[PDB]
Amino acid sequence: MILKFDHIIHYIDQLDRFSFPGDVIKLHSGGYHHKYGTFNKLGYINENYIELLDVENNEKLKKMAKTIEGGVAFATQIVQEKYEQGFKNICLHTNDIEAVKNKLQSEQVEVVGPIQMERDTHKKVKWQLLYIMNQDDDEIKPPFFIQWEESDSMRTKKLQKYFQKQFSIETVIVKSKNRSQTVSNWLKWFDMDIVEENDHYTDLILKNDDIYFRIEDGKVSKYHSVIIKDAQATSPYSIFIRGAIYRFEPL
């Protein structure tokens, strides 16, 4: 199964007022997720993006969080994680979500979906989501899967106008209070390869993508930071904003 990094979710309260410092990453207004009462703004990088997410209809999201789908859904994590701002999850791209569902189901991993999804464009974009429902404990919310209705790469020719090619996502850093468990689960669910193992962290990689996934020991369990290679940077820097860390590195 060919998996690639699709997007990272950052929960930001009062997202309509929000912009990145010095407009380092340009943003484009997204749409509204009718099922959940959430809306987004998108930071297109290169064949992947940053999804900034907020809640417009709180009563709808709270209702939805109490359902079975709500126990796993990306939007309802806002409620379940007590409205704490920051990176919520990562989403992995597939061209065959049914093959992913069958592969996980053949390993007895309880899945939710495929869930049909849509949002209107400012001029309709469709996709399906599939979630992992771990019966055991999760320190880290499991990454979820996406299959865009639009073909690959029919999506790359439509969004190339928005891609900011000076940037390239390199690494996603996850802090876990149970690294051993997080690694074991991610190797099982995502068919990842082991890159590095030491007393502090484990680096993982998808078989069909160049992004590193660093799971490091921490006093917290969370999606912590993203490392973005910046072609226009001469010196590294980090931006802490609304509970998330965006690290920028030259080359």
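Note that residue numbering follows the sequence shown and begins at 1.
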Sequence continuity check, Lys123 and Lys124 (deposited residues unmodelled): 1 to 3
Output the stretch having the higher mean C-alpha B factor in the entry; the candidates are 23-31 and 216-224. 23-31
Per the record, averaged over C-alpha atoms, which has the higher B-factor: 52-60 or 189-197? 52-60
Can you tell me which of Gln181, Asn134, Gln128, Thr171 has the maximum CA B-factor listed in the PDB entry? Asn134
Between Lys177, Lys82, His93, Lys158, where does the Cα B-factor run highest in the record? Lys158
Ordered by C-alpha B-factor within the chain, which third holds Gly86? Give me lowest, middle or highest, please. lowest
Cα B factor band for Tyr162 (lowest, middle or highest third within the chain): highest
If you rank every modelled residue in this chain by C-alpha B factor, which third holds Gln14: lowest, middle or highest? middle
Within-chain third of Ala99 by Cα B-factor, per the entry: highest
Going by what the PDB entry lists, where does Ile68 fall on CA B-factor within its chain: lowest, middle or highest third? highest
